[PDB]
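Structure first, then comments.
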Amino acid sequence: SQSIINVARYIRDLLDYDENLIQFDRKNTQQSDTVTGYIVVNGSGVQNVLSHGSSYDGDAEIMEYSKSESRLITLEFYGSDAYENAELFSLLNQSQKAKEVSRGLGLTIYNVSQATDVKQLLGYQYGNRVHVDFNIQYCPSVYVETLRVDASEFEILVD
Amino acid sequence: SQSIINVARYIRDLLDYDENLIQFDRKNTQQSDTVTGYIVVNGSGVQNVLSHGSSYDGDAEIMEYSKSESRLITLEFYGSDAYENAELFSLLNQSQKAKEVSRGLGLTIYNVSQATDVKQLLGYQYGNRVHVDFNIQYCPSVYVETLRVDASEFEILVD
Amino acid sequence: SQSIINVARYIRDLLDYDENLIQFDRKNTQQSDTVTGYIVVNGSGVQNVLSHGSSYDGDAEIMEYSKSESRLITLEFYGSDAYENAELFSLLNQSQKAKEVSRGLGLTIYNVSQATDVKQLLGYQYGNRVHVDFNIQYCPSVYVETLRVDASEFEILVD
Amino acid sequence: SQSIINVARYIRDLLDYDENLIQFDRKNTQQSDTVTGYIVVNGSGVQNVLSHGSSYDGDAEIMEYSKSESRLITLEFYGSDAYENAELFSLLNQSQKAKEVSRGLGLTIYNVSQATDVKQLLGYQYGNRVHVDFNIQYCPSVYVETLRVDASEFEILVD
Amino acid sequence: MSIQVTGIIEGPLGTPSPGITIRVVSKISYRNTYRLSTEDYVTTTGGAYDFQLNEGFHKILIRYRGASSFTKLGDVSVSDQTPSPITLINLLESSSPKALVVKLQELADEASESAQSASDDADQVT
Amino acid sequence: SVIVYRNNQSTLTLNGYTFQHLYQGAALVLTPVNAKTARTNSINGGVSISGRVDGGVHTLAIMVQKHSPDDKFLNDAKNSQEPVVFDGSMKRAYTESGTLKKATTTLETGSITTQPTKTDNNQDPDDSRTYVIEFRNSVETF
Amino acid sequence: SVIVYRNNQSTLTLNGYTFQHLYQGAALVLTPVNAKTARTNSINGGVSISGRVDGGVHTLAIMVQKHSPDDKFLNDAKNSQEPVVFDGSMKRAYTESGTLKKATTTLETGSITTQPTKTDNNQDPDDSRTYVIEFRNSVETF
Amino acid sequence: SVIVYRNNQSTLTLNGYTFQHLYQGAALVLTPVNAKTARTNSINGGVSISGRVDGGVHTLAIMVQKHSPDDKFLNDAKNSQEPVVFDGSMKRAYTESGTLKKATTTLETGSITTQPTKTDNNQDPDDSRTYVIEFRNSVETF
């Protein structure tokens, strides 16, 4: 839903990096000018749930179905400055700047797990491409207008 | 038999979603107009049995062969609004609405286990496609006209 | 970033071996004249992190985000003298010369783990090619201009 | 380096077998006249190290970097008499003749581990080909002219 | 002001059945993401619908009483600029785009009215 | 026999408070700590049947979200000055063939007996607070 | 319920010194060594609830870089003439729904109880110094 | 923090003799046999901290080549008429950021405590003589 876009936001203004140069994932988008170092938030990793909360509110009476989950979103950096935008990210991920800018992004951020300089077969040529891994954990939610119970009439019986 | 159609029913009127837009599975059905977000109840997962009950009735005398089993039925959402119809399902699955509408569908409903945004190679283009997993457990039954025993004559012998 | 180039440096002046004859890895570079024994620092192995330090400096006040990690970089020797440049490396790796020349290369150097004479299918011919394995461990770093706290005003309250 | 050639020597004059009929391995060499039973010392198996010694000599002062290791070198016998040259080897490997002729071949010799009559697809025909396995263990070495320490001047201090 | 959509159910919406029912689920961004509020409306004879509608993101569904499920009429974003006396088939054509983020920048007008309130509150002290 | 449940997991409530943030993946589990009856067995077809006093003593392992209303309730229970008794029920709804039955299991006076092993990772997310409330009587009825 | 954390790992500090070189991959872990209350259970619906004196006794396993400021602090603690008491806190920041809450766990008087098993390899890099500071009171609050 | 070592393995020397044939693959390992301080813990926020007398007692497992100068030294130690005390040091060189530090660990009076399990194979080569010299004081400093 919004999680991948959120982590894209976080990487947008942790690296102080451009809008148009962060594309999402295995969507359709042309990577022209290989040296223009792109970053893509690959979300192809299976997101697995952890719990299904259910809270209820009394006065402004509605309730709240939540679902905590996590996904191994990878980051692929491209371009001549792929390596740097890998390392400089893979290392600022756990600074002030990151941990201070991911304020409202309803999305935890775990440590970078591993890296790889797996390039891409660009047709008789090799374009710089680096993957970095980190589990991301978030929790989508929805709100539903149910209604409470004010009393309960009932009857008993005995032998 | 009826189980997959039943879970199709449950997803039909949990999402308040259309007839003609829920197709079953790896049948033959054309997915025209990619944006028309479809939902398909993939039943290709192996259904494995758990037990084979056998009950017997006395007055309206017939008996009852049952077979409890479960299958990892997956749900594939398509269309531009695949993500939403994934999440909004993956989260209403355990609400009032679901747990209240699956009244007579002789079919339990377990929590959504995992999700994936594995798209489909639509020929030089990527169409939105998301899988969500959840084990489903049900129990088909059949009734057979056997007949009871009213008495038992017999003889004994001794040295 | 610099790690692979550093291990290339270390192998450059442990074997007293040429610039132009050490190429890096799965980049684009032609291997002309098979007998010209090349050496390539294959870094395709996944580098996995170990820890994410965070130090802070007081007077020249900035701080220091570090990330220790390791990668199974392999070495592929080519050329008619591949075997020798394998063994003679696989054995000088733990001498004076190596352990004395890797002074400032911010990069530990572990023992050679295993070797292989896996050649390459050079099109109806076999060119000498030997891999030697050794985990390499290093730690990239970055420095950030944060700022310290000189005091802390505050207020208390009691029942 | 020399290890494979050494085991080739050992098999050369354990079977009292010909020079020109022992070719090494996955090199380039034509196997003409299938019945001419060849033997090849396949060294494609990964050789893995075990230890990295380091000894030092005093008077004729140099030192000695060693590296013990082992490799699962296989032997492929060809030719109409493949079977015999398999078995007759697979059984003389642990006799007087072998254990007496491998005097200076700086190379231990372990028992034959397993055999196989995996033939080769010679293009609509099957040529006799048998593999026999045995781990071989050896230790390459190099000598380096370092220099000793004759004394050590130094100073102490105390509060 | 809040709009009032009305007309006669015709064309792709279906035959003017005198019992057809519609359902609007509004996505009111409540605290963290949003809250969905449902409301079902029925129709008078001749297949006639007439009902007011609040502003915001509304998903409209259609179905007939005694039918097996709804039909996705679709999303819509009623803003402060859509016409008031409009038919439903017409409004369904003005579906919600992703201009909402640019719309968020209508807070400039709110900022200005706050500035004018601050000014015409401050000045009277004299 | 033919059987289908509403209520995916056994809906559970202790002290009139219902658990609603259950860690997915087999959160609740009831374990009988002891037997139901020990016996001494003598010669030539003779035994003695004695139901122990520890009959229903069941440990209930609960898995809850790392910081949830459910974990808040359980934690505030754990940190009380006086250990708080737990009374309540675990039950499921289920329709046998067409008839709707309810399978309930009471849980008498119980208490914390193993704190969660509080683990926090960086590699991988872990929000797994496992409490174990072990009661004395756990009678299932249906 | 809906929940998201700042502060990837539970930021931790003992003796006013904060741990900042944490071995990635589940460095910190809190384990309750004992129960929270033992009970004796007699006949016919009767039990006795007694919270033990070992209630909060929690072991904290810390994994730190082989030679780090954090390992320097822990080591200098380990080699002191007099074993150094450890007081401090493990805590996380986290926003419940929109509200920002802080989940803190105090750690009272504690000490070294298992030295790291100092392992050095050649095959593979290993910088894994695991200390275990086991305190007596570890009260989580939120 | 940022850190890099010279000296692949912790260079080691007992009795002024340096180990130079170390079986590759984690030959040396130091294990603390005991705690650093046992405690008794009484009611209402009270504990007692006592550093044991077995504080530094560390076992050092060494893996050496089946018949090597290092194994020759260790074996001649093992077969002595009077068990030979072992004193020496395990240490590494390492540059913290730019500064070059040395991390040393003394090893006081120690001795053989588990002979190598002498195994000889034919399938597979095995030259793995593992001694265990367990000392009493093993103080790391840096």
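Chains as they are written, first to last, in PDB author numbering: chain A5, 2 to 160; chain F5, 2 to 160; chain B5, 2 to 160; chain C5, 2 to 160; chain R3, 1 to 126; chain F7, 2 to 143; chain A7, 2 to 143; chain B7, 2 to 143.
Quick reminder that beta carbons are idealized off the backbone N, C-alpha and C, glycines included.
Check, Outcome
"Could you say which of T142 (chain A7), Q116 (chain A7), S2 (chain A7) lies nearest to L51 (chain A5) if we only look at CA atoms?", "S2 (chain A7)"
"Just to confirm my understanding: we take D128 (chain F7), look at its own chain, exclude 5 residues before and 5 after, and list those with CB closer than 7 Å. What are they?", "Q66, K67"
"What are the partner residues of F78 (chain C5), as DSSP defines its beta bridges?", "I40 (chain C5), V131 (chain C5)"
"Of all Cβ atoms in chain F7, is any one closer than 8 Å to the Cβ of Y39 (chain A5)?", "no"
"Quick check on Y144 (chain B5): buried or exposed, where buried means 16 or more other Cβ atoms within 10 Å of its Cβ?", "exposed"
"For a contact defined as C-beta to C-beta under 7 Å, what are the partners of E20 (chain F5) on chain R3?", "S68, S69"
"Could you compute how far the alpha carbon of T37 (chain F5) sits from the alpha carbon of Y84 (chain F5)?", "13 Å"
"Could you please give the first and the last residue of the uninterrupted beta strand (DSSP E) stretch that includes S94 (chain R3)?", "Element bounds for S94 (chain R3): n/a, residue is neither H nor E."
"What distance in whole Å lies between the Cβ atoms of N129 (chain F5) and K120 (chain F5), which are believed to be in contact at a cut-off of 8 Å?", "6 Å"
"Considering just the uninterrupted stretch of the alpha helix (DSSP H) at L22 (chain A5), what are its terminal residues?", "Where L22 (chain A5) is concerned, there is no enclosing alpha helix (DSSP H), given that its DSSP letter is neither H nor E."
"Can you tell me the Cα-Cα spacing of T147 (chain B5) and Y18 (chain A7), whole angstroms?", "19 Å"
"I'd like the span of the alpha helix (DSSP H) that includes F74 (chain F7), first residue to last.", "70 to 79"
"When you compare the CB of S2 (chain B7) with every CB in chain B5, is at least one pair closer than 8 Å?", "yes"
"What residues are listed by DSSP as bridge partners for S52 (chain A5)?", "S69 (chain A5), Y24 (chain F7)"
"Nearest by alpha-carbon distance to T60 (chain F7): which of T114 (chain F7), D121 (chain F7), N122 (chain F7) is it?", "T114 (chain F7)"
"For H53 (chain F5), count neighbouring Cβ atoms within 10 angstroms of its own Cβ and tell me buried if that reaches 16, exposed if not.", "exposed"
"So, helix, strand or coil for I60 (chain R3), using DSSP?", "strand"
"Which residues, taken in chain order from the stretch 52 to 65 of chain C5, show a beta carbon closer than 8 Å to some beta carbon of chain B5?", "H53, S55"
"Residues of chain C5 with CB closer than 9 Å to the CB of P70 (chain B7), please, in chain order.", "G54, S56"
"Ordered along the chain, which non-local residues of its own chain (more than five positions away) have a Cβ less than 8 Å from that of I5 (chain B5)?", "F25, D26, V42, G44, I74"
"Using a beta-carbon distance cut-off of less than 8 Å, what residues from the stretch 103 to 125 of chain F7 approach chain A7?", "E109, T110, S112, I113, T114, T115, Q116, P117, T118, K119, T120, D121, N122, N123, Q124, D125"
"Using three-state DSSP, classify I9 (chain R3) as helix, strand or coil.", "coil"
"Do you know offhand how far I63 (chain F7)'s Cα is from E154 (chain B5)'s?", "44 Å"
"Taking contact to mean at least 3 C-beta pairs separated by less than 8 Å, is the stretch 101 to 117 of chain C5 in contact with the stretch 8 to 21 of chain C5?", "yes"
"Chain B7 partners of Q138 (chain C5), CB-CB under 7 Å?", "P126"
"Under the assumption that residue 149 (chain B7) contacts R7 (chain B7) (Cβ atoms under 8 Å), give the Cβ distance between them as a whole number of angstroms.", "An answer regarding residue 149 (chain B7) cannot be provided, because it is not within the stretch 2 to 143 covered by chain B7."
"Listing by chain order, which chain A5 residues have their CB less than 7 Å from the CB of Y24 (chain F7)?", "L51, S52"
"Relative to the alpha-carbon of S139 (chain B7), which residue among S49 (chain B7), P126 (chain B7), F87 (chain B7) has its alpha-carbon at the smallest distance?", "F87 (chain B7)"
"Would you decide whether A28 (chain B7) is buried or exposed? Buried here means 16 or more other CB atoms lie within 10 Å of its CB.", "buried"
"Cβ of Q48 (chain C5) within 8 Å of Cβ of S71 (chain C5)?", "yes"
"Below 9 Å between beta carbons is the criterion; list the residues of the stretch 106 to 123 of chain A5 that meet it against any residue of chain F5, in chain order.", "none"
"What does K72 (chain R3) touch in chain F5 if you count any residue whose Cβ is under 8 Å from its own?", "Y18, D19, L22"
"Answer yes or no: does any C-beta atom of chain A7 fall closer than 8 Å to that of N80 (chain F7)?", "yes"
"By the criterion of Cβ-Cβ separation under 9 Å, what are the contact partners of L92 (chain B5) in chain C5?", "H53, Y66, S67, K68, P141, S142, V143"
"Return helix, strand or coil for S51 (chain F7), following the three-state DSSP convention.", "strand"
"Assuming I40 (chain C5) contacts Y18 (chain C5) (C-beta within less than 8 Å), just tell me the rounded distance between them.", "7 Å"
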